[PDB]
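Read the structure below first, then the notes.
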Amino acid sequence: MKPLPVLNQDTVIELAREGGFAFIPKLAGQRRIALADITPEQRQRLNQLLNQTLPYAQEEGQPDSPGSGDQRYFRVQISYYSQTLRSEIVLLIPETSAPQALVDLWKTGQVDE
């Protein structure tokens, strides 16, 4: 088993949602976090922060919640640089098919299990 690349000093998660019908800033919802662009403490505090916010935040509205737009899609780009494996992984799939991993990656951004 080789689960997703755990958040390390060489991990970079970047997710962005687009689609709908009209190009509107509010429909951006972009989130690019690069651990390699911050300090060790900053990373740990960041992960713990967001995670600690989950139980302190509202509830999710199913893998695909209602709203405006006609064609929505999620784009998750996981950039991981290791010794044996050094590359990035981009995934783009419509919201209508957005798996729990996608909806969870944009919300928590942590390995699903």
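The chains in the structure tokens are called A, B, ... from first to last as shown; in each chain the residues are counted from 1, and the ligands are counted from 1 in the order shown.
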Problem set entry | Members of region 73-104 of chain A assigned alpha helix (DSSP H) by DSSP, as a PyMOL selection string | chain A and resi 100-104
Near-residue 15 (chain A) list (10 Å; only C-alpha atoms; drop same-chain fewer than 4 positions) as a PDB file with N, CA and C atoms, in the first residue's frame:
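Okay, selection30.pdb is ready:
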```
ATOM      1  N   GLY A  29     -12.837  30.130  -5.432  1.00  0.00           N
ATOM      2  CA  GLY A  29     -12.616  29.096  -4.438  1.00  0.00           C
ATOM      3  C   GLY A  29     -11.301  28.369  -4.641  1.00  0.00           C
ATOM      4  N   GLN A  30     -10.220  29.131  -4.778  1.00  0.00           N
ATOM      5  CA  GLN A  30      -8.898  28.552  -4.980  1.00  0.00           C
ATOM      6  C   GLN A  30      -8.130  28.476  -3.665  1.00  0.00           C
ATOM      7  N   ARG A  31      -7.357  27.407  -3.498  1.00  0.00           N
ATOM      8  CA  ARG A  31      -6.572  27.215  -2.284  1.00  0.00           C
ATOM      9  C   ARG A  31      -5.251  26.519  -2.597  1.00  0.00           C
ATOM     10  N   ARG A  32      -4.161  27.277  -2.539  1.00  0.00           N
ATOM     11  CA  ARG A  32      -2.837  26.735  -2.817  1.00  0.00           C
ATOM     12  C   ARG A  32      -1.931  26.856  -1.595  1.00  0.00           C
ATOM     13  N   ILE A  33      -1.648  25.724  -0.960  1.00  0.00           N
ATOM     14  CA  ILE A  33      -0.794  25.704   0.221  1.00  0.00           C
ATOM     15  C   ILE A  33       0.484  24.915  -0.038  1.00  0.00           C
ATOM     16  N   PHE A  74     -14.021  20.201 -10.213  1.00  0.00           N
ATOM     17  CA  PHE A  74     -12.984  20.438  -9.215  1.00  0.00           C
ATOM     18  C   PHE A  74     -11.617  20.010  -9.739  1.00  0.00           C
ATOM     19  N   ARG A  75     -10.594  20.794  -9.417  1.00  0.00           N
ATOM     20  CA  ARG A  75      -9.236  20.499  -9.856  1.00  0.00           C
ATOM     21  C   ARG A  75      -8.281  20.438  -8.669  1.00  0.00           C
ATOM     22  N   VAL A  76      -7.801  19.237  -8.362  1.00  0.00           N
ATOM     23  CA  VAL A  76      -6.879  19.043  -7.249  1.00  0.00           C
ATOM     24  C   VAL A  76      -5.477  18.715  -7.749  1.00  0.00           C
ATOM     25  N   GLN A  77      -4.520  19.579  -7.423  1.00  0.00           N
ATOM     26  CA  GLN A  77      -3.137  19.381  -7.838  1.00  0.00           C
ATOM     27  C   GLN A  77      -2.239  19.120  -6.634  1.00  0.00           C
ATOM     28  N   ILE A  78      -1.869  17.859  -6.440  1.00  0.00           N
ATOM     29  CA  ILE A  78      -1.010  17.478  -5.326  1.00  0.00           C
ATOM     30  C   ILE A  78       0.441  17.339  -5.772  1.00  0.00           C
ATOM     31  N   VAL A  90      -2.163  15.986 -10.811  1.00  0.00           N
ATOM     32  CA  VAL A  90      -3.338  16.819 -11.036  1.00  0.00           C
ATOM     33  C   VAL A  90      -4.552  15.969 -11.392  1.00  0.00           C
ATOM     34  N   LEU A  91      -5.705  16.337 -10.845  1.00  0.00           N
ATOM     35  CA  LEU A  91      -6.943  15.609 -11.106  1.00  0.00           C
ATOM     36  C   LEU A  91      -8.108  16.572 -11.313  1.00  0.00           C
ATOM     37  N   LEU A  92      -8.799  16.423 -12.438  1.00  0.00           N
ATOM     38  CA  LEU A  92      -9.938  17.277 -12.755  1.00  0.00           C
ATOM     39  C   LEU A  92     -11.175  16.442 -13.070  1.00  0.00           C
ATOM     40  N   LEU A 102     -12.368  14.229  -3.320  1.00  0.00           N
ATOM     41  CA  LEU A 102     -12.308  15.577  -3.876  1.00  0.00           C
ATOM     42  C   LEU A 102     -12.952  16.584  -2.929  1.00  0.00           C
ATOM     43  N   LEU A 105     -10.818  16.793  -0.001  1.00  0.00           N
ATOM     44  CA  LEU A 105      -9.507  17.370  -0.279  1.00  0.00           C
ATOM     45  C   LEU A 105      -9.577  18.894  -0.306  1.00  0.00           C
ATOM     46  N   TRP A 106     -10.697  19.420  -0.789  1.00  0.00           N
ATOM     47  CA  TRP A 106     -10.890  20.863  -0.868  1.00  0.00           C
ATOM     48  C   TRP A 106     -11.315  21.430   0.483  1.00  0.00           C
ATOM     49  N   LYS A 107     -11.886  20.576   1.325  1.00  0.00           N
ATOM     50  CA  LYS A 107     -12.335  20.991   2.649  1.00  0.00           C
ATOM     51  C   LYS A 107     -11.234  20.789   3.685  1.00  0.00           C
ATOM     52  N   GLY A 109      -8.334  18.482   2.950  1.00  0.00           N
ATOM     53  CA  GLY A 109      -7.089  18.348   2.216  1.00  0.00           C
ATOM     54  C   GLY A 109      -6.201  17.253   2.774  1.00  0.00           C
TER      55      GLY A 109
END
```
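Shortest separation to residue 88 (chain A) among A:59, A:112, A:64, A:14 occurs at residue A:14, atoms counted being only C-alpha atoms.
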For this session: Mind giving me the straight-line distance from CA of residue 51 (chain A) to CA of residue 98 (chain A) in Å, one decimal?
Result: 21.2 Å
I want to know what sits within 8 Å of residue 11 (chain A), based on only C-alpha atoms, with residues of the same chain fewer than 3 positions away left out; could you give that as a PDB file with N, CA and C atoms, in the first residue's frame?
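After the write, selection-v2.pdb holds the following:
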```pdb
ATOM      1  N   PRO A   5       0.782  11.110  -0.582  1.00  0.00           N
ATOM      2  CA  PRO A   5       1.992  11.685   0.013  1.00  0.00           C
ATOM      3  C   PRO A   5       1.687  12.545   1.234  1.00  0.00           C
ATOM      4  N   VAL A   6       1.972  12.008   2.416  1.00  0.00           N
ATOM      5  CA  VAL A   6       1.728  12.727   3.661  1.00  0.00           C
ATOM      6  C   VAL A   6       2.323  14.129   3.611  1.00  0.00           C
ATOM      7  N   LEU A   7       1.721  15.049   4.357  1.00  0.00           N
ATOM      8  CA  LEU A   7       2.192  16.429   4.400  1.00  0.00           C
ATOM      9  C   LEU A   7       3.581  16.512   5.023  1.00  0.00           C
ATOM     10  N   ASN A   8       4.582  16.785   4.193  1.00  0.00           N
ATOM     11  CA  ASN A   8       5.958  16.894   4.664  1.00  0.00           C
ATOM     12  C   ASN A   8       6.568  18.231   4.255  1.00  0.00           C
ATOM     13  N   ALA A  34       1.624  25.586   0.092  1.00  0.00           N
ATOM     14  CA  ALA A  34       2.916  24.947  -0.123  1.00  0.00           C
ATOM     15  C   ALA A  34       3.725  24.892   1.168  1.00  0.00           C
ATOM     16  N   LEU A  35       3.876  23.690   1.715  1.00  0.00           N
ATOM     17  CA  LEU A  35       4.626  23.502   2.952  1.00  0.00           C
ATOM     18  C   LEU A  35       6.085  23.911   2.771  1.00  0.00           C
ATOM     19  N   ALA A  36       6.616  23.676   1.575  1.00  0.00           N
ATOM     20  CA  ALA A  36       7.999  24.025   1.272  1.00  0.00           C
ATOM     21  C   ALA A  36       8.179  25.537   1.191  1.00  0.00           C
ATOM     22  N   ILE A  78      -1.869  17.859  -6.440  1.00  0.00           N
ATOM     23  CA  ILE A  78      -1.010  17.478  -5.326  1.00  0.00           C
ATOM     24  C   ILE A  78       0.441  17.339  -5.772  1.00  0.00           C
ATOM     25  N   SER A  79       1.268  18.308  -5.394  1.00  0.00           N
ATOM     26  CA  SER A  79       2.679  18.295  -5.758  1.00  0.00           C
ATOM     27  C   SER A  79       3.529  17.745  -4.615  1.00  0.00           C
ATOM     28  N   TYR A  80       4.107  16.569  -4.829  1.00  0.00           N
ATOM     29  CA  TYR A  80       4.942  15.932  -3.819  1.00  0.00           C
ATOM     30  C   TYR A  80       6.331  15.625  -4.372  1.00  0.00           C
ATOM     31  N   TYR A  81       7.358  16.055  -3.648  1.00  0.00           N
ATOM     32  CA  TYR A  81       8.736  15.829  -4.066  1.00  0.00           C
ATOM     33  C   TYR A  81       9.484  14.981  -3.043  1.00  0.00           C
TER      34      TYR A  81
END
```
Seminar exercise, completed: re CA of residue 26 (chain A) and CA of residue 108 (chain A): distance 20.1 Å
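Minimum distance to residue 94 (chain A) across A:72, A:52, A:40, A:111 (counting only C-alpha atoms) occurs at A:72.
Ranking A:54, A:85, A:38, A:16 by their shortest atom-to-atom distance to residue 2 (chain A), with only C-alpha atoms included, puts A:85 first.
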Exercise. Per DSSP on the backbone, what are the strand (DSSP E or B) residues of chain A, as a ChimeraX atom specification?
Worked result: /A:11-20,30-34,71-81,86-94
If you keep N, CA, C and O atoms, can you produce a file of those selected residues as a compact mmCIF listing (two decimals), in the first residue's frame?
```
# COMPACT_ATOMS: atom_id res chain seq x y z
N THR A 11 5.85 18.89 0.51
CA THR A 11 4.48 18.68 0.06
C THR A 11 3.81 19.99 -0.32
O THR A 11 4.00 21.01 0.35
N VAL A 12 3.02 19.96 -1.38
CA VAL A 12 2.32 21.15 -1.85
C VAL A 12 0.94 20.80 -2.40
O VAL A 12 0.82 20.17 -3.45
N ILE A 13 -0.10 21.21 -1.68
CA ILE A 13 -1.47 20.93 -2.10
C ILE A 13 -2.14 22.19 -2.65
O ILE A 13 -2.14 23.24 -2.00
N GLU A 14 -2.71 22.07 -3.84
CA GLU A 14 -3.38 23.20 -4.48
C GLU A 14 -4.67 22.75 -5.16
O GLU A 14 -4.65 22.00 -6.13
N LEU A 15 -5.80 23.23 -4.63
CA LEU A 15 -7.10 22.88 -5.18
C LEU A 15 -7.84 24.12 -5.67
O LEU A 15 -7.76 25.18 -5.05
N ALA A 16 -8.56 23.98 -6.78
CA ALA A 16 -9.32 25.09 -7.34
C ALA A 16 -10.59 24.60 -8.02
O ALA A 16 -10.57 23.61 -8.75
N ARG A 17 -11.70 25.29 -7.76
CA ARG A 17 -12.98 24.92 -8.34
C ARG A 17 -13.41 25.94 -9.40
O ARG A 17 -13.30 27.14 -9.19
N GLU A 18 -13.90 25.43 -10.53
CA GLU A 18 -14.34 26.30 -11.62
C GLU A 18 -15.53 25.68 -12.36
O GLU A 18 -15.85 24.50 -12.16
N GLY A 19 -16.17 26.47 -13.20
CA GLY A 19 -17.32 25.98 -13.95
C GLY A 19 -18.51 26.92 -13.87
O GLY A 19 -18.38 28.12 -14.11
N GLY A 20 -19.67 26.37 -13.54
CA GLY A 20 -20.87 27.18 -13.44
C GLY A 20 -21.41 27.58 -14.80
O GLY A 20 -21.76 26.73 -15.62
N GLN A 30 -10.22 29.13 -4.78
CA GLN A 30 -8.90 28.55 -4.98
C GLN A 30 -8.13 28.48 -3.67
O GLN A 30 -8.23 29.37 -2.82
N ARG A 31 -7.36 27.41 -3.50
CA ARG A 31 -6.57 27.21 -2.28
C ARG A 31 -5.25 26.52 -2.60
O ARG A 31 -5.22 25.32 -2.89
N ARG A 32 -4.16 27.28 -2.54
CA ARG A 32 -2.84 26.74 -2.82
C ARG A 32 -1.93 26.86 -1.59
O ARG A 32 -1.50 27.95 -1.24
N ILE A 33 -1.65 25.72 -0.96
CA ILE A 33 -0.79 25.70 0.22
C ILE A 33 0.48 24.91 -0.04
O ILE A 33 0.44 23.72 -0.35
N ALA A 34 1.62 25.59 0.09
CA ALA A 34 2.92 24.95 -0.12
C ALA A 34 3.73 24.89 1.17
O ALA A 34 4.20 25.92 1.66
N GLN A 71 -22.31 23.70 -15.24
CA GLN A 71 -21.25 22.70 -15.31
C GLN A 71 -20.10 23.06 -14.36
O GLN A 71 -19.28 23.91 -14.67
N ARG A 72 -20.06 22.39 -13.21
CA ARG A 72 -19.02 22.64 -12.22
C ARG A 72 -18.02 21.49 -12.18
O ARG A 72 -18.38 20.34 -12.40
N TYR A 73 -16.76 21.82 -11.91
CA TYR A 73 -15.71 20.81 -11.84
C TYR A 73 -14.64 21.20 -10.82
O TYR A 73 -14.40 22.39 -10.59
N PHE A 74 -14.02 20.20 -10.21
CA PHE A 74 -12.98 20.44 -9.21
C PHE A 74 -11.62 20.01 -9.74
O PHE A 74 -11.49 18.99 -10.42
N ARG A 75 -10.59 20.79 -9.42
CA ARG A 75 -9.24 20.50 -9.86
C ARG A 75 -8.28 20.44 -8.67
O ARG A 75 -7.99 21.46 -8.04
N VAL A 76 -7.80 19.24 -8.36
CA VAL A 76 -6.88 19.04 -7.25
C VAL A 76 -5.48 18.71 -7.75
O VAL A 76 -5.26 17.70 -8.41
N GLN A 77 -4.52 19.58 -7.42
CA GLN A 77 -3.14 19.38 -7.84
C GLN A 77 -2.24 19.12 -6.63
O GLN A 77 -1.89 20.04 -5.90
N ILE A 78 -1.87 17.86 -6.44
CA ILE A 78 -1.01 17.48 -5.33
C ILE A 78 0.44 17.34 -5.77
O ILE A 78 0.80 16.37 -6.44
N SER A 79 1.27 18.31 -5.39
CA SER A 79 2.68 18.29 -5.76
C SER A 79 3.53 17.74 -4.62
O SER A 79 3.66 18.37 -3.56
N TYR A 80 4.11 16.57 -4.83
CA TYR A 80 4.94 15.93 -3.82
C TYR A 80 6.33 15.62 -4.37
O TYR A 80 6.47 15.01 -5.43
N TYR A 81 7.36 16.05 -3.65
CA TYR A 81 8.74 15.83 -4.07
C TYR A 81 9.48 14.98 -3.04
O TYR A 81 9.77 15.43 -1.93
N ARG A 86 9.41 12.03 -7.29
CA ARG A 86 9.39 13.48 -7.29
C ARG A 86 8.60 14.01 -8.49
O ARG A 86 9.12 14.09 -9.60
N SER A 87 7.35 14.37 -8.25
CA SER A 87 6.49 14.89 -9.31
C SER A 87 5.18 15.42 -8.73
O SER A 87 4.97 15.42 -7.52
N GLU A 88 4.29 15.86 -9.61
CA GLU A 88 2.99 16.39 -9.19
C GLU A 88 1.85 15.54 -9.73
O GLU A 88 2.01 14.83 -10.72
N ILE A 89 0.70 15.62 -9.08
CA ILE A 89 -0.47 14.85 -9.50
C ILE A 89 -1.70 15.74 -9.59
O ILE A 89 -2.23 16.20 -8.57
N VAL A 90 -2.16 15.99 -10.81
CA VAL A 90 -3.34 16.82 -11.04
C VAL A 90 -4.55 15.97 -11.39
O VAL A 90 -4.45 15.00 -12.15
N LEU A 91 -5.71 16.34 -10.85
CA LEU A 91 -6.94 15.61 -11.11
C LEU A 91 -8.11 16.57 -11.31
O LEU A 91 -8.38 17.43 -10.47
N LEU A 92 -8.80 16.42 -12.44
CA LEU A 92 -9.94 17.28 -12.75
C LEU A 92 -11.17 16.44 -13.07
O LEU A 92 -11.20 15.70 -14.05
N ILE A 93 -12.20 16.57 -12.23
CA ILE A 93 -13.44 15.83 -12.42
C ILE A 93 -14.64 16.66 -12.01
O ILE A 93 -14.67 17.28 -10.95
N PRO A 94 -15.67 16.68 -12.87
CA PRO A 94 -16.90 17.43 -12.62
C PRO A 94 -17.45 17.19 -11.22
O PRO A 94 -17.27 16.12 -10.65
```
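Distances from A:104, A:42, A:4, A:9 to residue 60 (chain A) were compared using only C-alpha atoms, and the smallest one belongs to A:104.
The residue that comes closest to residue 62 (chain A), out of A:1, A:96, A:10, A:48 and on the basis of only C-alpha atoms, is A:96.
Using only C-alpha atoms, the nearest neighbour of residue 67 (chain A) within the list A:95, A:110, A:53, A:25 is A:95.
Take CA of residue 21 (chain A) and CA of residue 69 (chain A): the distance between them is 5.0 Å.
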